[PDB]
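Two forms, one chain: they're shown below as structure tokens, one block per form, named structure 1 and structure 2.
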Structure 1
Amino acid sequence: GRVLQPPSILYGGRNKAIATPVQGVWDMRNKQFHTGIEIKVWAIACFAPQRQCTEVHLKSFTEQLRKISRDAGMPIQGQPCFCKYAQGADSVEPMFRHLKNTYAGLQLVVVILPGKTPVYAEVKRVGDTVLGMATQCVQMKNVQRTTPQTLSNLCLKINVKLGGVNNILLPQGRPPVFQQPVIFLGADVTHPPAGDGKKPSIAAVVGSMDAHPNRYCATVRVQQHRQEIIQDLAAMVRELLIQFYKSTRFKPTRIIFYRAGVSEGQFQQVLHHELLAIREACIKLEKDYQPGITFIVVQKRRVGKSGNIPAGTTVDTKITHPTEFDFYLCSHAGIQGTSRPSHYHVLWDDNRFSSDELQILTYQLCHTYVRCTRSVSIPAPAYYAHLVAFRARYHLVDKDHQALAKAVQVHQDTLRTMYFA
């Protein structure tokens, strides 16, 4: 198709070097973070068993991550003040509350986990809706034997979960939408599993709060079992809008809406409500308040040895209907096996986002993914909506819209924190 040029990532620090992505992945060595915030207090925790991951292994991992963060322009000064052992979801509460009420100004908690466990669910719920700080989790097997890319992606997640900026992108190469303070919002619905007629559905929304699209702000509300539409989009979009006004000190001119977790057969079903609900968020805030709203939908539905499609390939024929918009685009290159990256579609939009500018923006947000040094399948706000919806699945563990709604409400300084990376 049309392999779009990856933007120049502006790594900061003293060198202010640029890590240009090659084949979808960029190196992190000799590159320092743009707004790598100094780590004064931080805590590591061992929920993995001692027989598998040991204290020497954890100390070596901590030392190597600190040394690769010094190369990343992210000073983690001194040994971590907390390193203890615990296991179970019931042991999540006292340790996490201690880490809340012992280190003033603490911004991130780090835990290690063996595998698929509800302890991950409990720490995510306690961090994002009960206590109010970002939580970082890393698998057992990736702490024992640390590749440099492991520590690089981990340290990007650490830096973005503190509240700093990993790397802003090319300002002269950024799309002109950044010429005004603008917002990017993502939404995702994760339905209850089949055979269960009482679990509530999930309505998760994320939205930016900075000029460079590195800092976001999210919340989620429950709704009717397997409800495709978003129940209360006005309330949480208004919350994100007032958070944006607090943060950037300017009202948005353009807002962008990414849709995820929606089947192809009911797109209009989630349009006519939700866009209007966005208007219900915008009219009810200020008088004569009418910014432009775009509605595009994302679905995770040659290069290397595997011969996967290159990132950014454009094709508008032989897959979908000749009529309708049906703007068939993808912005990711596979690694091994087969390539089924993602599927972005434009309904009509209103901000007059041109195709090249919107494709530049979604590729930039794919590079603005703050969890790895790679261009990825779905954009950053779509990923944040997906993972915040996942966190909502971890918020109703052993718990319409009632108690459920109040068990998924994001804590007051957790919207301004990037708990979801």
Structure 2
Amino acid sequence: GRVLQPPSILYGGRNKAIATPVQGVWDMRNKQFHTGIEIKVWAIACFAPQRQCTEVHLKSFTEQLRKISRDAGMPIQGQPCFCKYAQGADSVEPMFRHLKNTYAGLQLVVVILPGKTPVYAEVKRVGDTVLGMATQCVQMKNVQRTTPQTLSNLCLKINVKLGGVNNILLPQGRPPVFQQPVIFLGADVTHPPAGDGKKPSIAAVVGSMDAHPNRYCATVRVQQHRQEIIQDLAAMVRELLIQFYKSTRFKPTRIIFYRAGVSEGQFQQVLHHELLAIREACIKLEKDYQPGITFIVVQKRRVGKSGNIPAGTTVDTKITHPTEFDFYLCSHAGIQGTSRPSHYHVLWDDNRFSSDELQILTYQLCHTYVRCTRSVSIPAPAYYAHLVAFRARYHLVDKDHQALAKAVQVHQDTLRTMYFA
């Protein structure tokens, strides 16, 4: 159970501070964002009732959020140009298309949601596919009784939804594989509630762009009922590779794959299909174009108040397969309950990797998750695959067959935007 050193997280701003995570979580005090966005225009969308969420309390939340953000290196310049109340899921598309066609260069819409409602599903469906926006929805309990960590997490998600980098790793502390170009992919499938013959399954992959890996793009399609494999995975990887070359202008050499949402009992069939699928992904672009292929499937399955595993523990043997390159990583502290050391499986190893380098890469990727200043259980790309699969699940909702992947196809503006996080 080797606890790897957490990455000395590189922040920016006037100080260029470096955050060292202590016990798996680092504070955001006196740390400006590395690539923070000067937020030109932003919007406030209240769906909570005015009885239980007042204008003065919303303005207090806006002011204190702006203070936390200015301390965070992501400045919001002035009061929001849009601050409207609303209600109902059916009143989302007209209001969103009203706010798009009023403020040019619109960046972020903050949406206030009283708990669980179809308003979240319609808000995400309008923002990510129909119109092409970036939104940040938060509950009512976090806009009157707010904490510094709540506003910090809000600012963390807002900074990454708007094209910037919250925090790079150390370029001197990054693993040596970044000496050559790399791309990191993450895949996940969402199945509907069973007995739904008309509701299909969702296959979603995401891919990293830059050599300072904090930016991802998505590609999602719709597949048949209860299918744990992707048919057109090769087209997904090819489109992601094209987008890599288009947005970064340097030729990739390595390929990493982080498969998620796959049952344990039938790993061999999924391996057999998707490995060959990534192979025809590589050989259907140019002759002799072979990157180093590796396939890692990851499956979400003292210290602190709860007394749990410190964030960063790596297990390489004694519970693992001898010949197969599989290992466990527990990279999240136990806030309440127990922490679950994640399982990681690599059979395709032509990417030729040392072990310790590979769990260092996955641990720094876990730290690269942008929605919290703490390491998370499974890496950032497979998280973003999970949230984009759940996002397409919110996209395929009411308020065909497999010709409904026009409803899970992301807009052109948002196809670059890290909207799922």
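The term rigid core refers to the maximal set of C-alpha atoms that superpose within 1.5 Å between the two forms. All residue numbers here refer to structure 1's sequence, counted from 1.
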>> With the two forms fitted on the rigid core, I'd like to know which residue in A277, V138, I229, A121 is displaced by 2 angstroms or more at its CA between structures 1 and 2.
In response: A277
>> Core superposed first: is there a CA shift of 2 Å or greater at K287 between structures 1 and 2?
In response: yes
> Core-aligned, is the CA shift for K161 between structures 1 and 2 2 angstroms or more?
Replying inline: no
> Do you see a C-alpha shift of 2 Å or more at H332 between structures 1 and 2, with the core held fixed?
Replying inline: yes
>> Core-aligned, what does the C-alpha of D196 shift between structures 1 and 2, expressed in angstrom?
In response: 1.7
> How much does the C-alpha of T313 move between structures 1 and 2, in Å, given a rigid core overlay?
Replying inline: 2.6
